[PDB]
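As structure tokens, the structure follows; a few thoughts come after it.
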Ligand SMILES: Nc1nc2c(ncn2[C@@H]2O[C@H](COP(=O)(O)OP(=O)(O)OP(=O)(O)O)[C@@H](O)[C@H]2O)c(=O)[nH]1
Ligand SMILES: Nc1nc2c(ncn2[C@@H]2O[C@H](COP(=O)(O)OP(=O)(O)OP(=O)(O)O)[C@@H](O)[C@H]2O)c(=O)[nH]1
Ligand SMILES: [Ca+2]
Ligand SMILES: [Mg+2]
Ligand SMILES: [Mg+2]
């Protein structure tokens, strides 16, 4: 039933706010929190993401966190900014200056207890909490460092609940901040141990989509986030509307995660339209939100979500056609590893769309790219004093790198595995 | 023959009771073993998490005792 | 007396339950409020339909049924739907959180919190029976609740009601409508743990029903509603002998004597005819010979497998409607001279026949034509083991890598339970092979 949503740091709060805008529109909830829709399908699972307050007001089950106050001002002035509960805004004064150790060990530790007080109050009134989703980036200090701290503290208090992240991976094409690969490696080390499911939203891929495919010569954060919000709407459709498949976070995890560490998903979306075309495009490298070629690895598991009025016969036939013509890319030792849902309600401004969630061994390409950037700096111990000055040892960097290299080797092991 | 008749019906009673008994004890053994295993899984997870909180304290001290 | 208690477990069990009870109401003239104007004994009776319905002093006819699910949304539809007045609220039991497609959660972590309540409610039904015959248990193989909670319940029922019979209707997974990758695990775990607790189990392969709906009903993409209406007709055929009188009616127990030669070999193949649309049934009456001959067409079976490449240990024909023995015997004689019906050398080859005269009924807005006569064949064939082979292979592929096993281990299961279950299935496949070998 209930999901508790947490958004941390600049990126987390910006993509977080857009998520709430896009889904509030799909459920017919206006900025005051009043329902003004046309269909009972909008309200039937509304409690997954919204609390009901007095006056038939719907209030996002959403907590807003940053070490920088002012991201709080910009959210609060955003189009849906009045919908959030005022006590769910938890902000420090300091900033973290793109330093994971400040987020995780010093500045973020100071603030983490007040975030947990709000988490607990939201959790306490849930009929049957399923778990948590966190939106954050891995390249800064607050979303990365403090976000992974929150995960660890939440897990101590709710060890049997599902932990889900939408984790924005850094790219030199979008931020030139040089310590991003450190902050991302340190975060990935946390995510590997403490989340059940992570959507890898790669700024490399979002940029390449805006540039190459959508022909935007100079992509802004707004253009990247338009892709993120369509993806997030898509991958939570099964949580938010009545349906058979992957209808809660645990069932999704059980379908998607064959080994506990291999829980980093490649999302895709189409269009960026006939059923054959949606289906070809959703499996195309160019439609993936992680910059990985799926033809360079194998799929462990896949969820495909089609939205809009279309023939379910045609959807079944095309899903079968892609599997048959691309059979070498699906591991033979997990039978029937591709699941398909169709929801009648399309997203805003489209008649038809498809959202893709892949657990592919090709995701190793993302981690290797981060690993390469990490090593290029770490071999000269460049910029380390920012982290050792907050109390961290070199050993912690060595371990994080080693653990991310192990994740890569593990993805490789299952790629090479055979049935016979 | 009357004594054979009595042994057949007692043998049937004995086998039915024995089936019930063995199914009752098997179930109780499984549910116990499952409870202990689940609790040991959760206790190991909590223990890794407590070790992180312990390590975070060594970090704030390293930084305090740096200055 | 001779009461039968139905227990519907998880989504598949529940929704099939809805279709079955709806159909039983129509067959007996019971209204959605439970009233039955034709029943002149108010508040009780020992009529044949009382095996499945109890009666209140206010004339309500109440299914002898418990519905159980670990989340509330499917059972809430029964509580608010057309037949809501049929059921006392205590017969409809729900938790807050489901088994998440994990046998271990249904059998242990979540299932344990509700098992005493469920047995309590079943007990209330049993105490109202003056000669309880046994239980009919409806569930999926693939879901966490249908697999894991059902196993737990069957084990507890053997404890609380001893050797009292327990029959299953078990939904065997198909990829066209499956919702979890781990269904083969859940199917082997439940089959293993339930095998000693069940006297007879009717497997229904979703893929066979799905194909029959597409091929014979011209349904492009069948839903659960399409599948369940057909399933309910097959169930109704099997249970018709418990719910109606007639001089040629043969009780299910008597078919069971012939269907179960050794306790583990308790899985009959059901084949049903005719499944025909209204547009094709019009001005085309199917005769006893035609419907009977359709029972030997593999395409009409409830489980995909090929009886022409195994051996029979029994064949039972359950007719309903306008059918007299003379036409049955002439149809059987014709079929024996034309078809691949090879029995094992230790069983007699006579077909056992029952006829109930009450004709088949259909539900309004349904896909099936109303027909004057229908038949369900129940055969004990070695070929049904193919269904076990397909499932066992899928299990092996995943289990050799331990894929998804950590989800079960995290709920307190051990790997030893997996391989114990798998070896019991290997021995079952082997049993089915040994019974078809000639006597030396
Ligand atoms: N896709 C996307 N990326 C963003 C957005 N805002 C920031 N980023 C990325 O996030 C990373 C920087 O992290 P921020 O979220 O800005 O940092 P923070 O979590 O607020 O931490 P501090 O500012 O260090 O306290 C870089 O890789 C940015 O490109 C956004 O709105 N969309
Ligand atoms: N014929 C038929 N099969 C169904 C129906 N509902 C689900 N199934 C099948 O049953 C299996 C899934 O198990 P369910 O019964 O939905 O799950 P559950 O017993 O509720 O278990 P959890 O939801 O995991 O607690 C799949 O093979 C589905 O195709 C139905 O109404 N009819
Ligand atoms: Ca009566
Ligand atoms: Mg910031
Ligand atoms: Mg269910």
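Protein chains in written order, with the entry's author numbering: chain D, 2 to 273, 284 to 431; chain E, 75 to 141; chain C, 1 to 440.
Ideal Cβ positions, reconstructed from N, Cα and C, are used throughout, including at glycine.
Query raised in the report: Going by the C-beta, is residue 211 of chain D closer than 7 Å to any heavy atom of ligand 1?
Result: For the purposes of this step, residue 211 of chain D is taken as residue 210 along the first chain, with counting starting at 1. No; taking the cut-off as 7 Å, the Cβ of residue 211 of chain D has no heavy atom of ligand 1 nearer than that.
Query raised in the report: Is the beta carbon of residue 83 of chain C within less than 7 Å of some heavy atom of ligand 1?
Result: Locating residue 83 of chain C in the third chain gives position 83, where the first residue counts as 1. False, no ligand heavy atom lies under 7 Å from that Cβ.
**Report entry** Inter-residue spacing [alpha-carbon to alpha-carbon] between residue 161 of chain C and residue 134 of chain D
**Finding:** As a first step, residue 161 of chain C is located in the third chain; it is residue number 161 there, counting from the start. As a first step, residue 134 of chain D is located in the first chain; it is residue number 133 there, counting from the start. Spanning the alpha carbons of residue 161 of chain C and residue 134 of chain D requires a straight line of approximately 46 Å.
Query raised in the report: Between residue 346 of chain C and chain D, is there a C-beta pair that is closer than 8 Å?
Result: Counting from 1 along the third chain, the entry for residue 346 of chain C is found at position 346. Closer than 8 Å: no.
Requested in this report: Starting from residue 108 of chain E, find everything on chain C with Cβ-Cβ shorter than 9 Å and list it in chain order.
Outcome: Position 34 of the second chain, counting from 1, holds the residue named residue 108 of chain E. Neighbours of residue 108 of chain E on chain C, chain order: 104, 107, 108, 109, 112, 411, 412, 413 and 414.
**Report entry** Assigned secondary structure, residue 107 of chain E (DSSP; H/G/I helix, E/B strand, else coil)
**Finding:** One-based indexing of the second chain puts residue 107 of chain E at position 33. Helix.
Query raised in the report: How would you list, in chain order, the residues of chain C whose beta-carbon sits under 9 Å from the beta-carbon of residue 115 of chain E?
Result: The residue you call residue 115 of chain E lines up with position 41 of the second chain. Within 9 Å Cβ-Cβ: 409, 410, 411 and 412.
Query raised in the report: Looking only at its own chain, which residues have a Cβ that is under 6 Å from the Cβ of residue 357 of chain C, when we skip the five neighbours before and after it?
Result: Against the third chain, residue 357 of chain C aligns to sequence position 357. Counting only Cβ-Cβ distances below 6 Å, and skipping sequence neighbours, we find 246.
**Report entry** Stretch-stretch touch, CB-based, cutoff 8 Å, three pairs: the stretch 307-320 of chain C with the stretch 275-286 of chain C
**Finding:** no
Query raised in the report: Measuring from the CB of residue 143 of chain D, is there a heavy atom of ligand 4 at a distance below 7 Å?
Result: Working through the first chain from its first residue, we reach residue 143 of chain D at position 142. Indeed, a heavy atom of ligand 4 lies less than 7 Å from the Cβ.
Query - Beta-bridge pairing of residue 134 of chain D - partner residues as DSSP gives them - result: Indexing the first chain from 1 puts residue 134 of chain D at position 133. Note: residue 134 of chain D sits in a beta bridge opposite D:6 and D:165.
Query raised in the report: Taking 7 Å as the line, does the beta carbon of residue 231 of chain C fall inside it for any heavy atom of ligand 2?
Result: Numbered from 1 along the third chain, position 231 holds the residue referred to as residue 231 of chain C. Within the cutoff, so yes.
Query - Proximal residues of chain D, C-beta to C-beta of residue 119 of chain E below 8 Å - result: One-based indexing of the second chain puts residue 119 of chain E at position 45. Here the neighbours are 156 and 160.
Query raised in the report: Using the beta-carbon of each residue, which ones in chain E are nearer than 8 Å to residue 401 of chain D?
Result: On the first chain, residue 401 of chain D is found 390 positions in, with the first residue counted as 1. In chain order: 133 and 137.
Query raised in the report: Could one say the Cβ of residue 448 of chain C lies closer than 8 Å to chain E's Cβ atoms, at least one of them?
Result: For chain C, the structure presents residues 1 to 440; residue 448 of chain C sits outside this window and is missing.
**Report entry** Whether residue 398 of chain C touches residue 316 of chain C by CB criterion (8 Å)
**Finding:** Sequence index remark: in the third chain, residue 398 of chain C carries index 398 (1-based). Sequence index remark: in the third chain, residue 316 of chain C carries index 316 (1-based). Result no, Cβ atoms of residue 398 of chain C and residue 316 of chain C do not sit closer than 8 Å.
Query raised in the report: The alpha helix (DSSP H) with residue 52 of chain D in it runs from where to where?
Result: Numbered from 1 along the first chain, position 51 holds the residue referred to as residue 52 of chain D. No alpha helix (DSSP H) holds residue 52 of chain D; the beta strand (DSSP E) holding it covers 51-54.
Query raised in the report: Is DSSP giving residue 278 of chain D helix, strand or coil here?
Result: A gap in chain D, from 273 straight to 284, means residue 278 of chain D has no coordinates in the model shown.
**Report entry** Length at least 4, wholly inside the stretch 108-173 of chain C: the alpha helix (DSSP H) runs in chain order
**Finding:** 115-127 and 150-161
Report task. Could you name the residues that DSSP lists as bridge partners for residue 312 of chain D? Result -> In the first chain, counting from the first residue as 1, residue 312 of chain D sits at position 301. Beta-bridge pairing links residue 312 of chain D to D:370.
Query raised in the report: What residues are listed by DSSP as bridge partners for residue 200 of chain C?
Result: Numbered from 1 along the third chain, position 200 holds the residue referred to as residue 200 of chain C. Note: residue 200 of chain C sits in a beta bridge opposite C:167.
Query raised in the report: Where does residue 234 of chain D land, buried or exposed, given buried means 16+ other C-beta within 10 angstroms?
Result: On the first chain, position 233 is the one that residue 234 of chain D refers to. Residue 234 of chain D is buried by the Cβ-count criterion.
Query - Boundaries (first-last residue) of the alpha helix (DSSP H) holding residue 78 of chain D - result: Within the first chain, numbered from 1, the residue matching residue 78 of chain D stands at position 77. It spans 72-78 - the alpha helix (DSSP H) in which residue 78 of chain D sits, taken as one unbroken run.
**Report entry** Reference residue 10 of chain C, options C:39, C:89, C:148 and C:266, closest by Cα
**Finding:** Residue mapping note: residue 10 of chain C aligns to position 10 of the third chain, counting from 1. The shortest Cα separation from residue 10 of chain C among C:39, C:89, C:148 and C:266 belongs to C:148.
Report task. For residue 12 of chain D, verify whether its CB is less than 7 Å away from any heavy atom of ligand 1. Result -> If you number the first chain from 1, residue 12 of chain D lands on position 11. The answer is yes for residue 12 of chain D.
Requested in this report: Please specify which runs of the alpha helix (DSSP H), each continuous and at least 4 residues long, are wholly inside the stretch 102-127 of chain D, giving them in chain order.
Outcome: 108-125
Query raised in the report: Would you call the CB atoms of residue 225 of chain D and residue 207 of chain D closer than 8 Å?
Result: By 1-based counting over the first chain, the position of residue 225 of chain D is 224. By 1-based counting over the first chain, the position of residue 207 of chain D is 206. It is a contact, given that the beta carbons lie within the stated cut-off.
Requested in this report: Please list the partners that residue 251 of chain D has in chain C, where partner means a Cβ-to-Cβ separation under 7 Å.
Outcome: Mapped onto the first chain, residue 251 of chain D falls at position 250. At a beta-carbon threshold of 7 Å, the residues of chain C lying near residue 251 of chain D are 100, ordered along the chain.
Report task. Kindly indicate if chain D contains any beta-carbon less than 8 Å away from that of residue 64 of chain C. Result -> Walking along the third chain from the start, residue 64 of chain C turns up at place 64. The C-beta of residue 64 of chain C comes no closer than 8 Å to any C-beta of chain D.
Report task. Check whether the stretch 69-85 of chain D touches the stretch 244-264 of chain D, counting contact only when three or more Cβ pairs, one atom from each stretch, lie closer than 8 Å. Result -> no
Requested in this report: Identify whether residue 90 of chain E lies in helix, strand or coil by the three-state DSSP scheme.
Outcome: Taking the second chain and counting its residues from 1, one reaches residue 90 of chain E at position 16. Note: residue 90 of chain E maps to helix in three-state DSSP.
Query raised in the report: Does any C-beta atom of chain D lie closer than 8 Å to the C-beta of residue 101 of chain E?
Result: As a working mapping, residue 101 of chain E is identified with position 27 in the second chain. Closer than 8 Å: no.
Query raised in the report: Taking the alpha carbon of residue 255 of chain C as the point to measure from, which residue in C:271, C:379 and C:38 has its own alpha carbon closest?
Result: Mapped onto the third chain, residue 255 of chain C falls at position 255. It is C:379.
Requested in this report: Compute the minimum distance between the beta carbon of residue 15 of chain D and the heavy atoms of ligand 1, and state whether it is under 7 Å.
Outcome: In the first chain, counting from the first residue as 1, residue 15 of chain D sits at position 14. It does: the Cβ of residue 15 of chain D is within 7 Å (strictly closer) of some heavy atom of ligand 1.
Query raised in the report: Taking the alpha-carbon positions, what's the residue 217 of chain D to residue 387 of chain D distance?
Result: For the purposes of this step, residue 217 of chain D is taken as the residue at position 216 of the first chain. For the purposes of this step, residue 387 of chain D is taken as the residue at position 376 of the first chain. If you take the alpha carbons of residue 217 of chain D and residue 387 of chain D, they lie about 31 Å apart.
Query raised in the report: Would you call residue 262 of chain C buried or exposed, if buried means 16 or more other Cβ atoms sit within 10 Å of its Cβ?
Result: Here residue 262 of chain C is taken as the residue at index 262 of the third chain, counted from 1. Answer is exposed; the Cβ neighbour count stays below 16.
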